[PDB]
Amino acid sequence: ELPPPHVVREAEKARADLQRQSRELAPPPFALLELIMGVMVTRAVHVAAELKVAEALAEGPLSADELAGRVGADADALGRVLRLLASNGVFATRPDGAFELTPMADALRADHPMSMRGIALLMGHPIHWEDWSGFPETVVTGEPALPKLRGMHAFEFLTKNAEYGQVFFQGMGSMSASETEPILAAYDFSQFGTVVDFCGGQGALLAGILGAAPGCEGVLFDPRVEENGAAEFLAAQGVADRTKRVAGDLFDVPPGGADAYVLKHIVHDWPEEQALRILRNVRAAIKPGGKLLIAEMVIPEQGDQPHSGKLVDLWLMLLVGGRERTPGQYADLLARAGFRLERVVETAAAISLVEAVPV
């Protein structure tokens, strides 16, 4: 069972206070140096993921020599990487010299229900690693780095380079998979008779909604919906007889008259002009009584508390020219597309639901 959202907000505030306390116990230049060197920790996590160290330790603790033999690495180098990771909570060292899992290292297993292996691999992938070298020019110019580095848009590059496209998609999945259940626990989808999951890919969220709302019928609206794997996935979830697959373009007007249009991680992909184009298309389809639900990490309007959206924001800026928004920015954007923001519904995770009605 998932904790109520207010319990998670309290844990976030407590964590932020512990982190502020910690930083203040250090010389400021030393606390800054720790942040500067964080790229090295990323690299250490990445190699542990690439070598499937967590899978190798799932059957019990292994010495450096035994582990290195099973994963095909150097025992000395691997033990030194694991010593560093263990000092950050990822794996543990024993007095007898063997290494073993911790809860954080367990989430590097591919088969963990909330696996971070995908994003660990993506953050160290040579293509994405090079993307980050464009970050200073992105801040200078405001323009994403990917079109300058690759001669094309992010989406065109991912479809043309299918192998890295899967790396990228699995990296996005590590983050997205934690979002369905918090959304379902925070919002009553049984109020809806029909829902359109707008560019919902394989339909993970739509299947969640339909499983939670037995009287609801779903439209999975996605350009790839016939190649997606969606048909196999929706049937395995037992909702296929309540779903219509509609192949349509990202910039098409979706089927009209649905009780809810659900847009998860769509709006934040795009520069404002294209984001507005998409929302106006949804505005043309929606009827009075219908709701628009935008599922995104909403950045609080004020304050310096940590938020996942503040970090994901930079990633959007680098790659696609999108951004994360505050509630006030969502209100302004929605008002320019013929919508009124009604509420921002928080969840037990970082994502929220921006609820809007047509006006």
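Note that residue numbering follows the sequence shown and begins at 1.
Just going by the entry, 213 to 221 versus 82 to 90 on mean CA temperature factor gives the higher value to 213 to 221.
Higher average CA B factor: 230 to 238, of the stretches 230 to 238 and 104 to 112. Taking only the listed residues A285, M172, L279, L158, the entry reports the highest CA temperature factor at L158. Taking the deposited Cα B-factors for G124, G248, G134, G193, the highest one is held by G248. Per-chain ranking of the deposited C-alpha B factor places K148 in the highest third. Per the deposited record, the Cα B-factor of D74 falls in the lowest third when ranked against the other modelled residues of its chain. Among the modelled residues of its chain, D259 has a C-alpha B-factor that falls in the lowest third, as given in the PDB entry. The deposited CA B-factor of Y164 belongs to the highest third of values across its chain. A11 sits in the highest third of its chain by CA B factor, as recorded in the PDB entry.
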